Amino acid sequence: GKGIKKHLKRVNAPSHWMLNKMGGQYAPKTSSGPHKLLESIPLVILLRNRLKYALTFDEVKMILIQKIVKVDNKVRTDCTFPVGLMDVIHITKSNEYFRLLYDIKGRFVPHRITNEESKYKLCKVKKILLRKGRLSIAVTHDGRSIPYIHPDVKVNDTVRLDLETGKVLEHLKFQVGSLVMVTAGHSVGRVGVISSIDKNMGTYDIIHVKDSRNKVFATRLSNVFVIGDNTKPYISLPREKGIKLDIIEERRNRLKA
Amino acid sequence: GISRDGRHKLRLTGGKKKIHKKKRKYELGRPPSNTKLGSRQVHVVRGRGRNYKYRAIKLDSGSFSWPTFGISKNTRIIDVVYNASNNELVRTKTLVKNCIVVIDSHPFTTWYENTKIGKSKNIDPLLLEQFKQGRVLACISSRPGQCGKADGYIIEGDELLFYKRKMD
Amino acid sequence: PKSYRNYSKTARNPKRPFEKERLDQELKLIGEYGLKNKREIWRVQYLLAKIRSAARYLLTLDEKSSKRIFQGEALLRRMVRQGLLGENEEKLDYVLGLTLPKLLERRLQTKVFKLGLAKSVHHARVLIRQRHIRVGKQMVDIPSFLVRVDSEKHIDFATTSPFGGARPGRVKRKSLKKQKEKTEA
RNA sequence: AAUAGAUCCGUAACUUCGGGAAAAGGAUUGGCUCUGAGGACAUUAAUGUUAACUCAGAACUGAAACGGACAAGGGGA
RNA sequence: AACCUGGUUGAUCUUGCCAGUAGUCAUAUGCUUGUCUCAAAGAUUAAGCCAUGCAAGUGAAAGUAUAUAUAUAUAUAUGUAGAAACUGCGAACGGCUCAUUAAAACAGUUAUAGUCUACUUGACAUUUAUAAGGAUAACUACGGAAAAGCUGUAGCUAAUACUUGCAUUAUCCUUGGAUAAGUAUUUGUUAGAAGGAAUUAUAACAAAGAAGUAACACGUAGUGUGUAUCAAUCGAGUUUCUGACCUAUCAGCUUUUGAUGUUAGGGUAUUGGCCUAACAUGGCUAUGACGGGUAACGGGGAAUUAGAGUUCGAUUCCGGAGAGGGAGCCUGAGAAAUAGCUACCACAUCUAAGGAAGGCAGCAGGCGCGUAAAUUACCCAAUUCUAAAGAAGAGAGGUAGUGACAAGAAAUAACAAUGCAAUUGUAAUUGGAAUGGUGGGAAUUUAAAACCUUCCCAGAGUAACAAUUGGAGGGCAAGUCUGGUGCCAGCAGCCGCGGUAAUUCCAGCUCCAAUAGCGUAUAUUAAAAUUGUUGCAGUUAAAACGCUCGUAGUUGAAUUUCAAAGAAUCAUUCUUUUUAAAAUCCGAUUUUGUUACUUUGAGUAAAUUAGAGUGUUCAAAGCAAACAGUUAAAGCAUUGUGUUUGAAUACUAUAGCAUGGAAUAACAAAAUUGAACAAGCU
RNA sequence: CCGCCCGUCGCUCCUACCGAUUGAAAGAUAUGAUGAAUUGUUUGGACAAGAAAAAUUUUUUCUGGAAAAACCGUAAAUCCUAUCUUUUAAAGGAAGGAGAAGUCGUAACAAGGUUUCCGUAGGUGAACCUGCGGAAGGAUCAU
Ligand SMILES: [Mg+2]
Ligand SMILES: [Mg+2]
Ligand SMILES: [Mg+2]
Ligand SMILES: [Mg+2]
Ligand SMILES: [Mg+2]
Ligand SMILES: [Mg+2]
Ligand SMILES: [Mg+2]
Ligand SMILES: [Mg+2]
Ligand SMILES: [Mg+2]
Ligand SMILES: [Mg+2]
Ligand SMILES: [Mg+2]
Ligand SMILES: [Mg+2]
Ligand SMILES: [Mg+2]
Ligand SMILES: [Mg+2]
Ligand SMILES: [Mg+2]
Ligand SMILES: [Mg+2]
Ligand SMILES: [Mg+2]
Ligand SMILES: [Mg+2]
Ligand SMILES: [Mg+2]
Ligand SMILES: [Mg+2]
Ligand SMILES: [Mg+2]
Ligand SMILES: [Mg+2]
Ligand SMILES: [Mg+2]
Ligand SMILES: [Mg+2]
């Protein structure tokens, strides 16, 4: 037959899920939705491996049957729904809120935000389309269509989105001085500002980022996410604030009793 | 059946390939449609994602334009007179994309009883001698074996001189 | 499919089966530390060779290099924690001077013999195999256990042993039985 | 007795390298309706007149027949 | 651990091989076997043939029940459950094997501005109505056939099956008419926020035009099912550059019948000689074409090695291909599907002889083949998948049975006294402690299956609870000890031994080596600097063409901006300053050929490898864990609440993307001539 | 040196070669002949629903539609020729290696009793002998 594949083997799952290499030949095989397989995590993994609320797959099922878990303000019952980067999670029974972020390694964490912060998220623009009647639509990393976008929004900046109503609050530009978070190889939770942009014609654009300890790293354009203006960020950050020490001084710190 | 793969051709060096794969059904080649002049006949065939295309088997009329003015009118097809691939398709009167046909010109002459801003175009004589007898020469511009229709435009200018010289 | 658990060897053969001097030296060591085969000597040699290889590779590398600093500090800490270096010779060049008697002195057998507590090294091996010895409230019965620095002051008899305050063994109890029925009738 | 005209394919051992060779072998062939190729001359590339015979393709057709009578090698070790 | 010994001679020094030596996630076999942990297993030969059983199904608010059963309230109403059957979704994933395949497949790196895409996610629509149609399952009666997952005729009746079809607004300039009266898609004529680049989004004019916007279900202001376009997601088809083993006793191939291009069409989801007509004579090759061989599926990887290298990869993951051998086809978003269909070749089943059924390279199991490989067991508890998606199912998967493939730990005694040659030691004698192996019963573990761990009872003296496999001339550790045989029997990888004195045969005793393991056979790596780039030899040991010319290849003299003067360090290492020119900010910043080559980045799957942390009782391992407490303190939120964690880093061609550059090499620019500029002249 | 050693011929054993027999067998490829099944288009028209006054119907039908044929395609299979690869039988002929105390001579090693050896061409039971040109690895580094 040779159609679409449905199974996933354990040693072939993305390494940032951190799955035991014993105990099984399979992995949960996330569903199709707003996020790609490799840049996301299924709801079962979040709710069993990380938060330790469930001890098996069936317990995740009996948790999700009673409709108490909301992602982006809507109840979900799919055990393999993709949960993605800037997404807020609410557990009504325990009255808890979370936002997924990267740590300074490449692994996702739930950040435990408060109630006031739980009313918005940040979306980055992937493309802008012109449709019938000359109305504009924005496409975000979140797989989301926004009609009636502002004329001053470009195809790489970020916007702040209300969750009760799908309306836009404000937007942040993609400039030389903007604050950024990086989302791919060799530097995945690093926060720095921006130093320069390159714009090679037929190939990728390279940009440089300077840390708050005056360390400089570079990456591709397509793995850059703007998260604030020059002064301050627009969301809370995990404990380390995106500051990656090297192995020598990290080890030195860990030995401070 | 008919396949579109290149595994059975020779290499550019002249050597021959060894085949270790069967035909895969995503390179079908289903047989040609030899559309003919006659009363309307259209069949249905489905593509991959259940996308339908319409096979014409017989047509005798279509939509034709007058490119000088930008106006389109329905009319009847009388006869085919020239094919540039081979003349075995003028032989049996088959309709393909680049055929030359003769059509009824009464709708175009009648419509000219409104003379949209091109009121000073000075229609060339050859078109007038064609209009006098009631028939003109046109060129098909659709693909009848895919859309199920036959459309075209009126031939004029050096276009006309070329095709008139080719036919004598 | 095949299991994903792996395994490795721990010894090696001498490549020259009938050399006189090597054979006499091995018998020296076996009789001094009370061992069973040549395999024990060969496994200690294997471990020492791995250590020395790592030390040589690091020593070739540039002074004040990052890799040198990280891996050298790790290796020196491991060696000093095992009880092999000391205090005034942690310099990555005293690692290359480590001999076989150094490592072979840290076995639980040698330690139990040297800390009084047993009349002979063979007596020491026999007692370990009969569940009489603890290393910090955990009972251990393996003579190749290598004792770390912070654990050499907690070697003692076990609480479940007749030599450490418990009921006597199957022989004392039978003698006491027989004596009881002898003296009550 | 069987073969045989012509067109298109394909031809071994051996050899004095010239042959053997039409080696051996395989396919086609009527009639009818069409398409294409090959010259000369005079008004200026554009128009006009004007021949002879061969060759190559396509559709249709018949009680599967067509070098239709005449004419005309049997082959090999 | 960057290693060598025996054998040509009367004796010597060499070349040179033969034999010795060690490893193998490398197979078979012989002898032997007490405990625990871990776990390969019909690939090689026959992609040979298969009895029997199983391996894919699905209804817990939400399509259709007078088959029926039942509950209350009261002939009536609201309910609940429900063998059949229609309808929907899935069976194209998973599992198995390695026959074919040598620029093919595959790997790194690109393109789709040349395309298709179900389920899921976000946006969101246009030319009788208090509710329309007819027909069919299940079911009933009458049947046929030896037989099959066969079915005839007649009579009813449903649907989210199959059909038909109603009712509202946006713009032109606090009026009014015009009208848009058309989603995708095709044709003709034009205008024109983004990308390096548009015949791009998009807008207008004139013709065609699919399919749709709820005559549906639940009772939670909410959902479920279905629906036109766009976008996202899970994927695929094609596609750029570079990269493979042996063979020249394979040198010229391809092109009448598509070989290499141009033009016009056909066809496909789209590009394309993919196909058809006309035209032209092209395309590849000693830098190896076209052929032959492979006991060849390609990678991630494995073995052995100081550094170079040599040899393997059927087999955990990824990609490809196939279901006895070929070809064809239906349904469907997805198949050229084989526990789907149709034929032919081979093989084979039942039969009343008229006919009907078949595909274990899925799990067990059988025959055959051979040197060569396990139970016709238990379970959905874990990992996951399918469904009308808690609740059902799954030989996927897990658990146990067989199992000296391979890997880790580790028993077969210890002590004291007395004697005894030298504090020893022990061919000895005495005598009390300590322990598992073993039998029984429990606490646990597990789908109240069995291991393992932990307790209680019994229980070692010739501790009969009794260790083996190969050897003893040399290489090579270990006997000039006894008896037998007598060039026989036999041994011996090699040199050799064997006629009465056999250190070598056959035995007894004693010693040596490794040891729950030790020999033998075949293949392969080091040893082998005996294949040599690092790194061999060519007078006489094997080996300079009879001599010269000569194309491809390999390799090629010197020269162009050399310096000079201060600062930072116990001459050294670093670091500043400008010195020719032209273009460029009212006496100034910054630019000055192309590659090779070298530096630094980006991007990359795990497993395996290197390596950081962590007392599985140690180790092989694993990826976890640590802390206070006979049940509270302490902290942080106002009665509530355990706390701190780790799962790093490197590596990932030789080719591709970006980047600093002064040395070394190559190229471009260089005359029987070539410029740059004032000025008039178009 | 009473040393060493060479070649025919006779006997036994093992391996490979040439070979009449238009020898034999198993596969692969190409051309031809015949051709099952089937996509597409056309022809066909068992009958199922239709428009007609009459009483359930006469010939008129826009439709739907099975069996069955034809043609262009996709093409299993069988046969006849033609090469090619691998394996294999055989009268007879003629090599090599090993063995046994065989028969005949004495070619080489000393100036081996005619110094040995190279290329070529004749001849003879055998090793070998002779012509023509060459070498010293000679029995001469020298008149
Ligand atoms: Mg297949
Ligand atoms: Mg579960
Ligand atoms: Mg002849
Ligand atoms: Mg297998
Ligand atoms: Mg094989
Ligand atoms: Mg599969
Ligand atoms: Mg052609
Ligand atoms: Mg493989
Ligand atoms: Mg596979
Ligand atoms: Mg089979
Ligand atoms: Mg098939
Ligand atoms: Mg079959
Ligand atoms: Mg099967
Ligand atoms: Mg089986
Ligand atoms: Mg075996
Ligand atoms: Mg389950
Ligand atoms: Mg439900
Ligand atoms: Mg003996
Ligand atoms: Mg070797
Ligand atoms: Mg070598
Ligand atoms: Mg070497
Ligand atoms: Mg040599
Ligand atoms: Mg010479
Ligand atoms: Mg002589």
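Values below: every heavy atom of this structure, side chains too, minus hydrogens, waters and symmetry copies. Each chain gets a letter, A, B and so on, in the order the sequences are listed, and its residues count up from 1.
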I'd like to know if [N] and [M] make a pair - Watson-Crick or G-U wobble, with both distances under 3.5 Å.
N      : M      : value
E:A248 : E:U260 : no
E:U510 : E:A472 : yes
E:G273 : E:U608 : no
E:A658 : E:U130 : no
E:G642 : E:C627 : yes
E:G340 : E:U554 : no
E:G328 : E:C341 : yes
E:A513 : E:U548 : no
E:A463 : E:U74  : no

Can you pull every protein N or O that's under 3.5 Å from an N or O on nucleotides 256-259 of chain E?
| unit_1 | atom_1 | unit_2 | atom_2 | d |
| --- | --- | --- | --- | --- |
| E:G258 | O2' | B:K9 | NZ | 3.1 |
| E:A259 | OP2 | B:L10 | N | 3.1 |

Choosing from [options], which nucleotide comes nearest the side chain of [X]?
X      : options                : result
B:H20  : E:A206, E:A104, E:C385 : E:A104
C:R129 : E:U270, E:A410, E:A104 : E:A410
B:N98  : E:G265, E:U202, E:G622 : E:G265

Would you please confirm or rule out a distance under 4.0 Å between OP1 or OP2 of [N] and any side-chain N or O of [X]?
X      : N      : value
B:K17  : E:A105 : no
C:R173 : E:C457 : yes
B:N86  : E:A278 : no
A:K6   : E:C385 : no
B:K149 : E:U186 : no
A:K127 : E:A232 : yes
B:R24  : E:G334 : no
A:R48  : E:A382 : no
B:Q146 : E:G267 : yes
B:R48  : E:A335 : yes
B:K23  : F:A75  : yes

With rounding to the closest Å, how many angstrom separate the P atoms on E:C17 and E:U510?
49 Å
Taking atom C1' in both E:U112 and E:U271, compute the distance separating them and give it to the nearest angstrom.
10 Å
Does NZ or CZ of [X] fall inside the cone over [Y]'s six-membered ring, less than 6.0 Å from its centre and within 45° of the axis?
X      : Y      : value
C:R134 : C:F157 : no
A:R220 : A:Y204 : yes
B:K121 : B:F69  : yes

Sugar of D:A42 - north (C1'-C2'-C3'-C4' positive) or south (negative)
south
Check the chi torsion on E:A373 and let me know: syn if it falls within 90° of 0, anti if not.
anti
Run the side-chain contact (heavy atoms from CB on, under 4.5 Å) test on C:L23 and C:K38 for me, step by step, so that the C-alpha distance in whole Å, both residues' side-chain angles and the decisive distance to 0.1 Å come before the verdict.
CA-CA 9 Å; C:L23 191 60; C:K38 311 297 182 101; 3.2 Å; yes
At less than 3.5 Å, do the side-chain atoms of B:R4 and the base atoms of E:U270 form a donor-acceptor pair?
yes
Going by centres under 5.5 angstrom and planes under 30 degrees, do the aromatic ring of A:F81 and the base ring of E:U121 stack?
no
